[PDB]
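First comes the structure, then the notes that go with it.
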Amino acid sequence: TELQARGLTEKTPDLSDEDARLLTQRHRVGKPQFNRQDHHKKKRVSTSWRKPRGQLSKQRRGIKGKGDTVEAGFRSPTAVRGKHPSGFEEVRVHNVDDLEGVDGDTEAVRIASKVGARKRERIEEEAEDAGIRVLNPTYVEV
Amino acid sequence: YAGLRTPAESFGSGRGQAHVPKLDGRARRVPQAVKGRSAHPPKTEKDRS
Amino acid sequence: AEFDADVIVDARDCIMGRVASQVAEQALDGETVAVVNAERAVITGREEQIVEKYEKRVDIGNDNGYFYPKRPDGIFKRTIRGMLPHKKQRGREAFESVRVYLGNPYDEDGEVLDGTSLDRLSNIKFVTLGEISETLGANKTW
Amino acid sequence: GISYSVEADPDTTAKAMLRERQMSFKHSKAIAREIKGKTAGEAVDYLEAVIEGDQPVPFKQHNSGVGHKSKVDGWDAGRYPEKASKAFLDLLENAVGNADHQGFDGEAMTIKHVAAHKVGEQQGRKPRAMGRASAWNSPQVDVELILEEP
RNA sequence: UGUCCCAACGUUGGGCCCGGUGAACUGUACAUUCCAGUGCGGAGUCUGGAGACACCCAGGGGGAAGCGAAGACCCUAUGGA
RNA sequence: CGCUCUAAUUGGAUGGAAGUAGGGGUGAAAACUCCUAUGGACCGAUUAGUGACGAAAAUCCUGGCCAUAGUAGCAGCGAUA
RNA sequence: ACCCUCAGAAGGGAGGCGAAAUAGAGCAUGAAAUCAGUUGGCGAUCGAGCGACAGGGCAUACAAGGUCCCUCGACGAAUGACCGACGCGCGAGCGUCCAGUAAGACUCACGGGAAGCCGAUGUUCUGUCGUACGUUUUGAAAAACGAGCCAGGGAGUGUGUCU
Ligand SMILES: [Cl-]
Ligand SMILES: [Cl-]
Ligand SMILES: [Cl-]
Ligand SMILES: [Cl-]
Ligand SMILES: [Cl-]
Ligand SMILES: [Cl-]
Ligand SMILES: [Cl-]
Ligand SMILES: [Mg+2]
Ligand SMILES: [Mg+2]
Ligand SMILES: [Mg+2]
Ligand SMILES: [Mg+2]
Ligand SMILES: [Mg+2]
Ligand SMILES: [Mg+2]
Ligand SMILES: [Mg+2]
Ligand SMILES: [Mg+2]
Ligand SMILES: [Mg+2]
Ligand SMILES: [Mg+2]
Ligand SMILES: [Mg+2]
Ligand SMILES: [Mg+2]
Ligand code: NA
Ligand code: NA
Ligand code: NA
Ligand code: NA
Ligand code: NA
Ligand code: NA
Ligand code: NA
Ligand code: NA
Ligand code: NA
Ligand code: NA
Ligand code: NA
Ligand code: NA
Ligand code: NA
Ligand code: NA
Ligand code: NA
Ligand SMILES: [Sr+2]
Ligand SMILES: [Sr+2]
Ligand SMILES: [Sr+2]
Ligand SMILES: [Sr+2]
Ligand SMILES: [Sr+2]
Ligand SMILES: [Sr+2]
Ligand SMILES: [Sr+2]
Ligand SMILES: [Sr+2]
Ligand SMILES: [Sr+2]
Ligand SMILES: [Sr+2]
Ligand SMILES: [Sr+2]
Ligand SMILES: [Sr+2]
Ligand SMILES: [Sr+2]
């Protein structure tokens, strides 16, 4: 009579103390948008980042207010870089056999969008039985 | 000779237009022009072995 | 038309600019101030050069306009405005919670703010807002 | 062509459309705007008065150069687009007709929705001095109308 | 002899309002400005003040170093005729 | 990082592929990925290659489109109808 | 097809076919510019590179994010007190002790709380900074040059020889 997601939906991974600390930091510190300069001034200029190259570029010369320019110093902590916000490391899955070798305590699985419902049903039940959480689960009316 | 079969000429300065070769009021020949030549296309003389 | 002023200042024999500065400070702190006896407020220096300055402000102008007040009423109110960011919300709010009066329309007497008093027994080179207004051609309604 | 841009319950609603009408699209937005919410019958009486010259149509957007009209309320510029008004009378005639054929009291139904859409221009050309010709086109207008029981 | 002193009144067609028809020039963006100053020394946009409720109609064109034309002048090019 | 096609290895799709629209997640970033709607048949990954491989600009080119604007014109000619 | 409407083989309405008519004729998909209608936010006393970063308002179906807030406690870098006591200075004020103590960003635990609630997204308000971009140039916001807007198109390629 209501919708419910399949699998270990509420599952959390186990992180060392230093990993939970860095995960929490990444989430607290964040980062600037890093959109292309003046993308908001012209519709033909998209948001996708491009190094400002103008000799007189205000962002290039680094004027406060013109937005931050991409630098390595903005990188996230090595130990947590790329983790889902839950803390899991993501594993791309295209079929049941892709579930093999996956540690459900440290990794969560993400079924490619291109995978059909028939095959998603199998992957989802095999993942739950292997103790693996599926990030993009199917909702059934139970 | 693709894109080159035209006597298209540029009007130069004077009519408020960019110096682009035109024919029958249509821009032609140059690479930036639709129906113009290919600037650096695949070449038959190339040694592909 | 009734003005619940938290503070009633008596400008009589008080240095206009010094009072203005404190009234602005208090208005920005959220106080509703009513300056009383404006026509008796005082300004130091050679009456002749003081008046030359205010007369110039009266003569300045053009189509856009430079409407300068002539009554002690407005002279003082303007003096205060020049010490408030009257074009910003917080500034306009402060400015609008301040009013100046000719004589004293209240029953209570105003208080004399520290540092703003002028001792007539020790000064001869000073002028009165009322005297300035009369010179400017104002109608001595006070 | 357009499709009804708003949902409509067939059990308490009647529809109608104009297609590719060659008339002022600007006059159409103005008229639609003015008759929305009125009752079919009111709309008709209103448009007959416009065509007769007794009631102006407020021109609130496409008003450059338009002279003021005392009878325009809450605004200043107005005019009497009788051509686009007659097209709307046809639209209303069709709507009310459909309404009745279904068992509704056509004239009494409310204009729940009415909007004009520019579907194109009939292209024309006009010879000008110095050897050139310039555009001289006709707007093509579609307009949708949904009547709804009170 | 209205060229002028020194302008007036009138006529016809426009102009203005209404129906219908219905373009073009131009457009980096923002834009209610004014006075000063500053700045590549000729600013609606920077700074300081002043002024400024929104919209619309008619107008004569002060400004946008207005729009139109990759300056016909001047010089330069191991250019052309 | 991304784009095209080739090869080897290996996967996805009518139990709904590419694309598009809106939205969630990741990456300093190029960009990657998922969800929903639309769509209705194709689509990847890794490795080694291939190259008509990346645009904000050139009074750039072609197509489409807005403001201009319900604006100018639809008066002027010795033929005022 | 039939029916209603209409001056009407137009168009419209209803209806029939098909998995789909939002496949009904330049009839697969259907971006942007842009237009109509409408929803959210702002709005007729107020100021202009349109934003970046902070922080407030209001708005939010699900899914793909799940955090956030307050008492208290633990940890506690640089820095770092009040009060009190004593002692100096014409004075503003200072020294010594209390004391490198109380405090101190982040993080964590207990207890309580929020689900438009935290993130995020839209818009708007406040604070700080801020006169596009690319080019020319010693010097560009420039009263120097370019573009109306969007989509698509648009520039180190081949042979031979040398290094
Ligand atoms: Cl790196
Ligand atoms: Cl004035
Ligand atoms: Cl201010
Ligand atoms: Cl004295
Ligand atoms: Cl139009
Ligand atoms: Cl920490
Ligand atoms: Cl190169
Ligand atoms: Mg943009
Ligand atoms: Mg070609
Ligand atoms: Mg007019
Ligand atoms: Mg001719
Ligand atoms: Mg030249
Ligand atoms: Mg010469
Ligand atoms: Mg010669
Ligand atoms: Mg492989
Ligand atoms: Mg391209
Ligand atoms: Mg105009
Ligand atoms: Mg189609
Ligand atoms: Mg460039
Ligand atoms: Na030819
Ligand atoms: Na060859
Ligand atoms: Na003085
Ligand atoms: Na004045
Ligand atoms: Na308008
Ligand atoms: Na009126
Ligand atoms: Na009126
Ligand atoms: Na005369
Ligand atoms: Na002018
Ligand atoms: Na051009
Ligand atoms: Na906000
Ligand atoms: Na240049
Ligand atoms: Na520049
Ligand atoms: Na300049
Ligand atoms: Na144009
Ligand atoms: Sr899918
Ligand atoms: Sr020339
Ligand atoms: Sr003070
Ligand atoms: Sr208008
Ligand atoms: Sr200013
Ligand atoms: Sr004029
Ligand atoms: Sr290319
Ligand atoms: Sr147009
Ligand atoms: Sr005539
Ligand atoms: Sr003529
Ligand atoms: Sr039908
Ligand atoms: Sr400590
Ligand atoms: Sr383009």
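Within every chain, numbering begins at 1; the chains are lettered A, B, ... in the order of the sequence lines, protein sequences first and strands thereafter. We use all heavy atoms of the structure for the numbers below, so side chains are in, but hydrogens, waters and symmetry mates are not.
Taking the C1' atom of each, E/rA23 and F/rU68 are spaced 11 Å apart, rounded to whole Å. Taking atom P on both nucleotides, G/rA33 is separated from F/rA17 by 27 Å, rounded to a whole Å.
Remark: bases of strand neighbours G/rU135 and G/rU136 are stacked by the 5.5 Å centre distance and 30° plane angle definition. Consecutive residues E/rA65 and E/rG66 do not stack, lacking base ring centres under 5.5 Å apart with planes under 30°. Base stacking between E/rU33 and E/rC34 is present, with six-membered ring centres under 5.5 Å apart and ring planes under 30° to each other. Base stacking of G/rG89 on G/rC90: absent by the 5.5 Å centre and 30° plane cutoffs.
In the region residues 13-29 of chain B, proximity to RNA chain F at under 4.0 angstrom, judged on heavy atoms, holds for B/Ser13, B/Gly16, B/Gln17, B/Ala18, B/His19, B/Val20, B/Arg26, B/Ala27. Of the residues in residues 105-142 of chain D, those lying under 4.0 Å from RNA chain E by heavy-atom distance are D/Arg128, D/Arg132, D/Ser134, D/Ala135, D/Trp136, D/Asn137, D/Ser138. RNA chain E lies under 4.0 Å from at least one heavy atom of each of the following residues of residues 73-95 of chain C: C/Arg78, C/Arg81, C/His86, C/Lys87.
Atom P of nucleotide G/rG49 and atom CD of A/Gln59 are separated by 17 Å, given to the nearest angstrom. Between the CD1 atom of A/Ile63 and the P atom of G/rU131 there is a distance of 7 Å, given to the nearest Å. Rounded to an integer number of Å, the gap from A/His39 NE2 to F/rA55 P is 18 Å. What separates CG of A/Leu22 from P of G/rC106 is a distance of 17 Å, to the nearest Å. Here the P atom of nucleotide G/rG119 and the CG atom of A/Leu23 are 17 Å apart, to the nearest Å. Atom CG in A/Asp19 sits about 16 Å away from atom P in G/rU107, given to the nearest Å. Atom CE in D/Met23 sits about 13 Å away from atom P in E/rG22, given to the nearest Å. As a whole-Å value, the separation of A/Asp38 CG from G/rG130 P is 17 Å.
Listed pair D/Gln61 / G/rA36 meets the phosphate criterion, a side-chain N or O lying under 4.0 Å from OP1 or OP2. Here A/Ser76 reaches the OP1 or OP2 of F/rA28: one of its side-chain N or O atoms lies under 4.0 Å away. Between G/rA36 and D/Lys29, a contact under 4.0 Å exists linking OP1 or OP2 to a side-chain N or O. At F/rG51, none of the side-chain N or O atoms of B/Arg48 fall inside 4.0 Å of OP1 or OP2 (strictly under the cut-off).
Remark: the bases of G/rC86 and G/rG95 meet in a Watson-Crick or G-U wobble pair, both edge contacts within less than 3.5 Å. No Watson-Crick or G-U wobble pair joins G/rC110 and G/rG139 with the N1-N3 or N1-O2 distance and the second distance both under 3.5 Å. F/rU9 and F/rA45 are base-paired, meeting the Watson-Crick or G-U wobble geometry with both donor-acceptor distances under 3.5 Å. Taken as a pair, E/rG15 and G/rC88 do not qualify under the rule of Watson-Crick (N1-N3 plus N6-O4 or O6-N4) or G-U wobble (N1-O2 and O6-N3), both under 3.5 Å. A Watson-Crick or G-U wobble pair links G/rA114 to G/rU67, both relevant atom distances lying under 3.5 Å. Base pair annotation for G/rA54 with G/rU138: unpaired, by the Watson-Crick or G-U wobble rule (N1-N3 plus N6-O4 or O6-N4, or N1-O2 plus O6-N3, under 3.5 Å). Pairing check for E/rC56 against E/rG14: the two fail the Watson-Crick or G-U wobble geometry, since the two atom distances are not both under 3.5 Å. Base pair annotation for F/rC1 with F/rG54: paired, by the Watson-Crick or G-U wobble rule (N1-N3 plus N6-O4 or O6-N4, or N1-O2 plus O6-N3, under 3.5 Å).
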## Note on the structure
With B for base contact, S for sugar-phosphate-only contact and - for none (protein heavy atoms under 4.0 Å), nucleotides 2-22 of chain G reads --S-S----BBS--------B

#### Entry: Protein proximity profile, nucleotides 29-38 of chain F - base contact B, sugar-phosphate-only contact S, no contact -, cut-off 4.0 Å on heavy atoms
BSS-SSS---

### Task
Would you give a per-nucleotide map of nucleotides 145-158 of chain G, 5' to 3', where B means the base has a protein non-hydrogen atom under 4.0 Å away, S means only the sugar-phosphate does, and - means neither?
----SSSBBSSSBS

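Residue-level contact check: C/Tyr68 touches neither bases nor backbone, having no heavy atom under 4.0 Å from any strand. D/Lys69 comes within contact range of the sugar-phosphate backbone alone, with a heavy-atom separation under 4.0 Å but no base atom that close. A/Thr24 comes within 4.0 angstrom of sugar-phosphate atoms only, judged by non-hydrogen atoms across all strands, and of no base. Within the nucleic acid shown, A/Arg122 has no heavy atom closer than 4.0 Å to any nucleic acid atom. Residue contacts shown for D/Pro10 are absent, as no nucleic acid heavy atom lies under 4.0 Å away. Nucleic acid contact class of A/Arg36 (heavy atoms, under 4.0 Å, all strands): base. Counting any heavy atom pair closer than 4.0 Å across all strands shown, D/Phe59 reaches no nucleic acid atom.
Between C/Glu93 and C/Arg90 there is no salt bridge, since none of the side-chain N atoms of the basic residue sits less than 4.0 Å from a carboxylate O of the acidic one.
With distances taken from any side-chain atom of D/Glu82 to the nucleotides F/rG25, E/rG20, F/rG70, the minimum falls on E/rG20.
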Extract from the structure each pairing of a protein N or O with an N or O of nucleotides 135-140 of chain G at less than 3.5 Å, listing the distance.
from    : atom 1 : to      : atom 2 : distance (Å)
G/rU135 : OP2    : A/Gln55 : N      : 3.2

For nucleotides 32-36 of chain E, list the nitrogen or oxygen atoms of the protein found under 3.5 Å from its nitrogen or oxygen atoms, one pair per line.
from   : atom 1 : to      : atom 2 : distance (Å)
E/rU33 : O2     : C/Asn64 : ND2    : 3.2
E/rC34 : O2'    : C/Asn62 : ND2    : 3.2

Between the protein and nucleotides 54-58 of chain E, which nitrogen or oxygen pairs are less than 3.5 angstrom apart?
from   : atom 1 : to      : atom 2 : distance (Å)
E/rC56 : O2'    : D/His68 : NE2    : 3.0
E/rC56 : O2     : D/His68 : NE2    : 3.4
E/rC57 : OP1    : D/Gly65 : N      : 2.6

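Residues passing the side chain to side chain contact (heavy atoms under 4.5 Å, CB included) test with A/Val102 are A/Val91, A/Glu107, A/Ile132, sequence neighbours excluded.
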### Task
Evaluate the side-chain contact (heavy atoms from CB on, under 4.5 Å) criterion for residues A/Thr9 and A/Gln4: first the C-alpha distance (whole Å), next the side-chain angles of each, then the deciding distance (0.1 Å), finally the verdict.
CA-CA 10 Å; A/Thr9 258; A/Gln4 300 201 317; over 6 Å; no

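Place B/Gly12 and D/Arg79 on RNA chain E by their nearest nucleotides, and D/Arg79 ends up nearer the 5' end.
Checked against C/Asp73 for a side-chain hydrogen bond (donor to acceptor under 3.5 Å, both in side chains), the options C/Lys70, C/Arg71, C/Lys77 give a single hit: C/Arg71.
For residues 21-31 of chain D, the pairs satisfying salt bridge (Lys or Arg N to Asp or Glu O under 4.0 Å) are D/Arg21-D/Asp90, with sequence neighbours left out.
Applying the Watson-Crick and G-U wobble criteria (two distances, each under 3.5 Å), G/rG41 pairs with nothing in any strand. Searching all strands for a Watson-Crick or G-U wobble partner of G/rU135 with both distances below 3.5 Å returns G/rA144.
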Would you mind writing out the side-chain donor-acceptor pairs for residues 5-16 of chain B within the sub-3.5 Å range, not counting sequence neighbours?
from    : atom 1 : to      : atom 2 : distance (Å)
B/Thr6  : OG1    : B/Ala8  : N      : 3.3
B/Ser10 : OG     : B/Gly12 : N      : 3.2
B/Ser13 : OG     : B/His19 : NE2    : 3.1

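A/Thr106 contributes no side-chain N or O that, together with a main-chain N or O of A/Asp103, makes up a donor-acceptor pair within less than 3.5 Å.
Side-chain contact check for D/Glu149 and D/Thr13: no donor-acceptor pair (N or O, by modelled atom type) lies under 3.5 Å.
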